[PDB]
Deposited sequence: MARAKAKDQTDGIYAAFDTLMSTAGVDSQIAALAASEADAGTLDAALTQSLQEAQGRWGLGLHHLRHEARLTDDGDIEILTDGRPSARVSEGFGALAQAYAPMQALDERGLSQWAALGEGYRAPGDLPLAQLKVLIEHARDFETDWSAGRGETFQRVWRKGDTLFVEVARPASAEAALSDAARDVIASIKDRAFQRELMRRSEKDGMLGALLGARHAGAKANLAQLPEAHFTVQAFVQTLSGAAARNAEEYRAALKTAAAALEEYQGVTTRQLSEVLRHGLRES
């Protein structure tokens, strides 16, 4: 029931969550919650809603539902459907003329230009702490940006009914030492763009 409903929601993001199978295997609630949350976080990167600055979680409820949270606040219930979920996210969003998010991924603060020479962006990747670029138009009608939070570099390539959920972006991550390598950044952009083109 509700597990299959979650899987259906995830499928709109191209996320093969397999929650129905996990529940069928008699997983405990903790294992399910962790899986629900990991899947929802992946889906947020795919849907292009522009809410990277919020923490996204999902959890089983006593009444056989799945609660969807942002920053720890109950925001929606899976049983209520796509329209209800889109309505919940809508007031949190800020979209530009292209359908791209106007929020920084890191929250309030400085964002670098999105069209820097690679020679300069390399310095940020290698030597900054957390940082972020604004969107820029890239190859093949796409748009791209990057941010680092802690030891994960997030490389986003995007190409944008209100209740409709679909793949609008792909986020490729580089973690640990990989998060500080500018040539691996170039590779991740190619990966994300190629994946996005496949979905669209």
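Colleague: So, counting the deposited sequence from position 1, which segments are absent from the coordinates?
Modeller: Deposited residues absent from the model fall in 1-11, 172-226, 267-284.
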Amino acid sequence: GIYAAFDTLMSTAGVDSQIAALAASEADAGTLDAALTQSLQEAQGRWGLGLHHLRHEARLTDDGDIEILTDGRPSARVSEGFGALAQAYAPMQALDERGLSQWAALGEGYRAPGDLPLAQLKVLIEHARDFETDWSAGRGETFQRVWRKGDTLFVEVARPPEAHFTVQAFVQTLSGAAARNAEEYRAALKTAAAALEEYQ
From here on, numbers count along this sequence of modelled residues.
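The term rigid core refers to the maximal set of C-alpha atoms that superpose within 1.5 Å between the two forms.
Colleague: So which moves more in 4 other deposited structures of this protein by CA, 9-17 or 172-180, given a superposition on the core?
Modeller: Of the two stretches, the larger average C-alpha offset in 4 other deposited structures of this protein falls on 172-180.
Colleague: Quick one: with the core lined up, is it 39-47 or 146-154 that wanders further in 4 other deposited structures of this protein, going by C-alpha RMS?
Modeller: It is 146-154 that deviates more in 4 other deposited structures of this protein.
Colleague: Of the two stretches 120-128 and 107-115, which shows the higher Cα B-factor on average in the entry?
Modeller: According to the PDB entry, the answer is 107-115.
Colleague: Once you work out the mean C-alpha B-factor for both 17-25 and 186-194 from the entry, which is higher?
Modeller: So the stretch with the higher mean C-alpha B-factor is 17-25.
Colleague: Between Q144, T70, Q41, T152, where does the Cα B-factor run highest in the record?
Modeller: Max CA B-factor in the entry, restricted to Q144, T70, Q41, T152: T70.
Colleague: Highest CA temperature factor in the entry: which of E156, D134, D33, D63?
Modeller: That would be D63, according to the entry.
Colleague: Report the third (lowest, middle or highest) to which the CA temperature factor of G138 belongs, ranking only the modelled residues of the same chain.
Modeller: Within its chain, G138 is a highest-third residue by C-alpha B-factor, going by the deposited values.
Colleague: Sorting by Cα B-factor within the chain, modelled residues only, which third would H164 end up in: lowest, middle or highest?
Modeller: Within its chain, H164 is a highest-third residue by C-alpha B-factor, going by the deposited values.
Colleague: Would you check the entry's CA temperature factor for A86 and let me know if it's in the chain's lowest, middle or highest third?
Modeller: Its C-alpha B-factor, which the entry lists for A86, ranks in the middle third among residues of this chain.
Colleague: Lowest, middle or highest third: which one holds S101 when the chain's residues are ordered by CA B-factor from the entry?
Modeller: Lowest third, going by the recorded CA B-factors of the chain.
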